[PDB]
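One structure below.
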Amino acid sequence: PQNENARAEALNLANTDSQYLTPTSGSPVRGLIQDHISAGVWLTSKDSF
Amino acid sequence: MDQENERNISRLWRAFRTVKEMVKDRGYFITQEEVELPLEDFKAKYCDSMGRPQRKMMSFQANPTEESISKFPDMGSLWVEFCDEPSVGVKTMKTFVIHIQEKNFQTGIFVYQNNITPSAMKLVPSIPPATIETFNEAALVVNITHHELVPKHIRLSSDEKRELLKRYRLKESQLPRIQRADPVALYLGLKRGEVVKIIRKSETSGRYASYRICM
Amino acid sequence: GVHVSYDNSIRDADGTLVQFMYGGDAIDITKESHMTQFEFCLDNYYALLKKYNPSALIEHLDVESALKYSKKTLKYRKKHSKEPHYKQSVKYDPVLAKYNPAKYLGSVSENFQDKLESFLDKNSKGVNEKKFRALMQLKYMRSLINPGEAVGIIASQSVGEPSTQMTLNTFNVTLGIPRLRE
Amino acid sequence: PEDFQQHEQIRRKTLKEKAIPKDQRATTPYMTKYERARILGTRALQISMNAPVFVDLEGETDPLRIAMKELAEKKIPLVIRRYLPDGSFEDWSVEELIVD
């Protein structure tokens, strides 16, 4: 976009940080997917010193 | 042999209670003992020795409560009329059209059984102050306002129709609309341009007050 | 053109009113996520108190009014609890129907109100109960749908998008999208 | 001639029967997510056209980030006009609105 009335509205209204919860049910739609999930099960484990 | 003389009464005792529930809901004065009238008592007051039903004594006059008068000032007398003829001709409306207009009832209810003649359907707007509201008594077996999916319709006097439209800044034709021939608009007897108030239970919020105008 | 107005009504673009509040209580769906999670809010009380900061906030919105009217309508509803819906005497219309939720503190839907009572009554736990109502009735006020919100588009997208997810066959009643086309 | 003055008088009197006064306005005292995106939009669109800036801008070259600093200190000289759907309006200034 090409003016400050649109930069302000892509930074405050349509940015990704405000789109965290979907409007259908209020569920979160953003988070880590495949291999970050399977590393926290090793990093936050009790062997991990 | 009496599987229909007994069951025409049950189709009539339930229809009689519904009209007294319909009259009391419109704001007139009906006692509670007249609404909750058991079937044992209805036969001994309105059915003859023969066991058949007779409808001449069923017809009654209703007066408004003192509480409806401070809400609606211009509310006259109501004459509920049951008709002993199965097919209503054109000269028996003229009995009831004149009996309204001579005796000066403001509103008359004409409960019929099979049909009213299309020649006799012209006598409904024939009195310009007073209305005639006809109900087929098969449609009065179950009071539809007791159903679970039907909320509490309350009609608004113009002392709070006007305060509704002043809060939301509305023309009258911008409200949600209820039809002239709706089963609950015919129940309350709504003229056009009368806002009815609906309190319905949302799944989200519980009791939720909504409004709807008759056009 | 269906959008929230500044008086919380849901109106079409030409003004023809559709609803009087969004959903019954004018809450955005993307804000009521921890609104009934009362246990989470009591644990995080001091951290959530300076998110919903009430100190620089109270002289702009009326506090005492809708709290007074709610306790009329709460107690009066507790009287006629077993009467059916058609015998419900309608002296007391709900507090949202009388007071703006974004202006009067305490004007709260009658379903959030009861759940907050049913949490404070069934649980005895440096936090009082007066200062937990005044946060959870402030959290309600700061979780309202904003005016101008395109609730017409959002409602039409929240139906049409998960109907790209019910295209499948029997795993009687008309199923899925051909029922939704009717 | 006077036929203009007969029309200007009507236009401003009609615009007087829409202005709700400051004691009687009944909308929210919050800045409702869309004012804030348009106030910072319009004020930054002014600062990029050599408007007088009322904040000590400290090496900030982005016009939008300047307006985000004029907002935090209540230094933006703008007025929101909230239209109610019959036409009538409420003029809320930016200093008295409460930002999220």
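Chain lettering (A, B, ...) mirrors the order of the structure tokens, residue numbering begins at 1 for each chain separately, and ligand numbering begins at 1 in order of display.
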With a cut-off of 9 Å, could you pull out the residues of chain C touching chain A and give me the nearest pair of atoms for each, distance in Å to one decimal, using only C-alpha atoms, ordered by chain and ascending number, as a tab-separated table?
```
residue	atom	partner	partner_atom	distance
C:28	CA	A:23	CA	8.1
C:29	CA	A:26	CA	5.4
C:30	CA	A:26	CA	4.8
C:31	CA	A:26	CA	7.4
C:32	CA	A:26	CA	7.4
C:33	CA	A:26	CA	6.3
C:154	CA	A:23	CA	7.2
C:155	CA	A:24	CA	7.9
C:157	CA	A:24	CA	8.4
C:158	CA	A:24	CA	5.0
C:159	CA	A:24	CA	8.0
C:162	CA	A:24	CA	8.9
```
Selected residues written out with N, CA and C atoms, as a short mmCIF file (atom, residue, chain, number, x, y, z; two decimals), in the first residue's frame:
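To be explicit, this is the file written out as part_33.cif:
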```
data_model
loop_
_atom_site.label_atom_id
_atom_site.label_comp_id
_atom_site.auth_asym_id
_atom_site.auth_seq_id
_atom_site.Cartn_x
_atom_site.Cartn_y
_atom_site.Cartn_z
N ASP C 28 -17.28 -9.25 21.48
CA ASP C 28 -16.51 -9.79 20.38
C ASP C 28 -16.13 -11.22 20.70
N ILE C 29 -16.17 -12.09 19.69
CA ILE C 29 -15.82 -13.49 19.91
C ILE C 29 -14.35 -13.62 20.26
N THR C 30 -13.51 -12.78 19.67
CA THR C 30 -12.07 -12.80 19.89
C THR C 30 -11.66 -12.15 21.21
N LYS C 31 -12.61 -11.86 22.10
CA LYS C 31 -12.32 -11.32 23.42
C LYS C 31 -12.87 -12.15 24.56
N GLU C 32 -13.88 -12.99 24.33
CA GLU C 32 -14.46 -13.77 25.42
C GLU C 32 -13.75 -15.11 25.60
N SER C 33 -12.44 -15.10 25.58
CA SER C 33 -11.80 -16.40 25.61
C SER C 33 -11.49 -16.80 27.05
N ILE C 154 -18.10 -10.81 8.84
CA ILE C 154 -17.49 -11.80 9.72
C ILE C 154 -18.44 -12.96 9.97
N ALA C 155 -19.74 -12.69 10.09
CA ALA C 155 -20.71 -13.76 10.26
C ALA C 155 -20.92 -14.58 9.01
N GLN C 157 -18.49 -14.97 6.70
CA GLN C 157 -17.27 -15.73 6.51
C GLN C 157 -17.13 -16.86 7.50
N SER C 158 -17.66 -16.71 8.70
CA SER C 158 -17.54 -17.76 9.70
C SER C 158 -18.52 -18.89 9.48
N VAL C 159 -19.44 -18.75 8.54
CA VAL C 159 -20.28 -19.84 8.09
C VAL C 159 -19.75 -20.44 6.80
N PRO C 162 -15.95 -22.66 7.28
CA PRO C 162 -15.98 -24.07 7.70
C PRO C 162 -16.95 -24.93 6.92
#
```
**OP:** Identify all chain B residues at most 10 Å from chain D by counting only C-alpha atoms; ligands do not count. Present them as a list in words.
**Re:**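 So the residues of chain B near chain D are residues 167, 168, 169, 170 and 171 of chain B.
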**OP:** Extract, using only C-alpha atoms, all DNA, RNA and protein residues at most 9 Å from region 21-35 of chain B, discarding same-chain residues fewer than 6 positions from it, and format them as a ChimeraX atom specification.
**Re:** /B:62-69,77-78,80,143,154-155,187-189
Original post:
Between D:64, D:71, D:55, D:15, which has the minimum distance to chain A (counting only C-alpha atoms)?
Top reply: D:64
Write out as a CSV table (one decimal) with C-alpha atoms, in the first residue's frame which residues come within 8 Å of residue 63 (chain D) when counting only C-alpha atoms, dropping same-chain ones fewer than 6 positions away.
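Writing done, so here's out_36.csv:
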```csv
chain,number,residue,atom,x,y,z
D,44,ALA,CA,1.1,11.0,10.2
D,45,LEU,CA,-0.3,12.0,6.8
D,47,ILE,CA,3.3,15.4,9.6
D,48,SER,CA,4.6,14.2,6.3
```
**OP:** Give me, please, the distance in Å between CA of residue 3 (chain A) and CA of residue 147 (chain C), quoted to one decimal.
**Re:**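 It comes out at 24.4 Å.
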**OP:** Up to 10 Å from chain A, what residues of chain D turn up? Count only C-alpha atoms and give them as a list in words.
**Re:** residues 33, 34, 36, 37, 38, 39, 40, 41, 42, 43, 44, 45, 46, 48, 63, 64, 65 and 68 of chain D
May I have the selected residues written with C-alpha atoms, as a JSON list (two decimals), in the first residue's frame?
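After the write, selection.json holds the following:
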```json
[["chain", "number", "residue", "atom", "x", "y", "z"],
["D", 33, "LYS", "CA", -9.69, 0.55, 17.58],
["D", 34, "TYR", "CA", -10.61, 2.34, 14.34],
["D", 36, "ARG", "CA", -6.69, 4.93, 16.68],
["D", 37, "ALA", "CA", -5.79, 3.53, 13.28],
["D", 38, "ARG", "CA", -7.28, 6.57, 11.52],
["D", 39, "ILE", "CA", -6.00, 9.20, 13.96],
["D", 40, "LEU", "CA", -2.48, 7.83, 13.61],
["D", 41, "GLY", "CA", -3.11, 7.52, 9.90],
["D", 42, "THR", "CA", -4.28, 11.08, 9.37],
["D", 43, "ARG", "CA", -1.87, 12.73, 11.80],
["D", 44, "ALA", "CA", 1.09, 10.96, 10.20],
["D", 45, "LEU", "CA", -0.28, 12.02, 6.83],
["D", 46, "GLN", "CA", -0.14, 15.60, 8.09],
["D", 48, "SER", "CA", 4.65, 14.21, 6.26],
["D", 63, "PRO", "CA", 5.99, 9.70, 10.23],
["D", 64, "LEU", "CA", 3.76, 6.97, 11.61],
["D", 65, "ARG", "CA", 6.00, 6.34, 14.59],
["D", 68, "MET", "CA", 2.30, 7.08, 17.86]]
```
Subject >> Selected residue, from C:24, C:148, C:106, C:176, that lies nearest to chain D when counting only C-alpha atoms >> reply: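 For chain D, the nearest of the candidates is C:148.
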**OP:** Compute the chain C side of the contact with chain D at 8 Å, counting only C-alpha atoms, and hand it back as JSON, numbers by chain.
**Re:** {"C": [5, 6, 7, 15, 57, 60, 61, 100, 102, 103, 146, 147, 148]}
Original post:
Residues of chain A in helix (DSSP H, G or I) according to DSSP, as a PyMOL selection string?
Top reply: chain A and resi 4-10+37-43
Original post:
Counting only C-alpha atoms, which residues of chain C come no farther than 6 Å from chain B, as a PyMOL selection string?
Top reply: chain C and resi 16-17+24-25+86+109-111
Resulting file, chosen residues, N, CA and C atoms, as a PDB file, in the first residue's frame:
```pdb
ATOM      1  N   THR C  16     -31.644   0.312   8.259  1.00  0.00           N
ATOM      2  CA  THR C  16     -32.714  -0.601   8.637  1.00  0.00           C
ATOM      3  C   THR C  16     -32.220  -1.575   9.683  1.00  0.00           C
ATOM      4  N   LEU C  17     -32.723  -1.445  10.904  1.00  0.00           N
ATOM      5  CA  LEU C  17     -32.117  -2.106  12.043  1.00  0.00           C
ATOM      6  C   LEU C  17     -32.353  -3.605  11.998  1.00  0.00           C
ATOM      7  N   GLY C  24     -26.698 -10.553  21.832  1.00  0.00           N
ATOM      8  CA  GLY C  24     -27.430 -10.492  23.070  1.00  0.00           C
ATOM      9  C   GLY C  24     -26.669  -9.679  24.081  1.00  0.00           C
ATOM     10  N   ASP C  25     -25.356  -9.617  23.916  1.00  0.00           N
ATOM     11  CA  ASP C  25     -24.521  -8.993  24.924  1.00  0.00           C
ATOM     12  C   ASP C  25     -23.344  -8.189  24.402  1.00  0.00           C
ATOM     13  N   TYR C  86     -43.807 -17.853  29.630  1.00  0.00           N
ATOM     14  CA  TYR C  86     -44.951 -17.043  29.248  1.00  0.00           C
ATOM     15  C   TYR C  86     -45.647 -16.421  30.446  1.00  0.00           C
ATOM     16  N   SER C 109     -24.558  -8.955  30.757  1.00  0.00           N
ATOM     17  CA  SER C 109     -25.574  -9.934  30.395  1.00  0.00           C
ATOM     18  C   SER C 109     -25.876 -10.863  31.554  1.00  0.00           C
ATOM     19  N   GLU C 110     -27.093 -11.366  31.571  1.00  0.00           N
ATOM     20  CA  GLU C 110     -27.591 -12.112  32.705  1.00  0.00           C
ATOM     21  C   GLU C 110     -27.058 -13.521  32.771  1.00  0.00           C
ATOM     22  N   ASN C 111     -26.203 -13.914  31.841  1.00  0.00           N
ATOM     23  CA  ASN C 111     -25.579 -15.221  31.847  1.00  0.00           C
ATOM     24  C   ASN C 111     -24.149 -15.139  32.344  1.00  0.00           C
TER      25      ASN C 111
END
```
**OP:** Report as a ChimeraX atom specification: the residues of region 27-145 of chain C with a DSSP assignment of strand (DSSP E or B), based on the backbone of this structure.
**Re:** /C:27,62,104,144
Selection above as a file: N, CA, C and O atoms, as a PDB file, in the first residue's frame:
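Okay, this is what ended up in part-v3.pdb:
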```
ATOM      1  N   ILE C  27     -20.473  -8.759  22.774  1.00  0.00           N
ATOM      2  CA  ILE C  27     -19.123  -9.225  23.042  1.00  0.00           C
ATOM      3  C   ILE C  27     -18.505  -9.679  21.733  1.00  0.00           C
ATOM      4  O   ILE C  27     -19.142 -10.395  20.957  1.00  0.00           O
ATOM      5  N   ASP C  62     -19.727   5.669  34.542  1.00  0.00           N
ATOM      6  CA  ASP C  62     -20.548   5.651  35.746  1.00  0.00           C
ATOM      7  C   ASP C  62     -20.446   4.293  36.423  1.00  0.00           C
ATOM      8  O   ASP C  62     -20.601   3.255  35.774  1.00  0.00           O
ATOM      9  N   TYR C 104     -21.558   2.209  31.321  1.00  0.00           N
ATOM     10  CA  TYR C 104     -21.998   1.966  32.686  1.00  0.00           C
ATOM     11  C   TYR C 104     -21.319   0.714  33.211  1.00  0.00           C
ATOM     12  O   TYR C 104     -21.456  -0.360  32.621  1.00  0.00           O
ATOM     13  N   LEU C 144     -15.781  -5.624  24.696  1.00  0.00           N
ATOM     14  CA  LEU C 144     -16.998  -5.406  23.938  1.00  0.00           C
ATOM     15  C   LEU C 144     -16.683  -5.194  22.472  1.00  0.00           C
ATOM     16  O   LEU C 144     -15.583  -4.786  22.102  1.00  0.00           O
TER      17      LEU C 144
END
```
**OP:** Have a look at CA of residue 2 (chain C) and CA of residue 97 (chain C) and let me know their distance in Å, one decimal.
**Re:**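 Atom-to-atom, CA of residue 2 (chain C) and CA of residue 97 (chain C) are spaced 20.4 Å apart.
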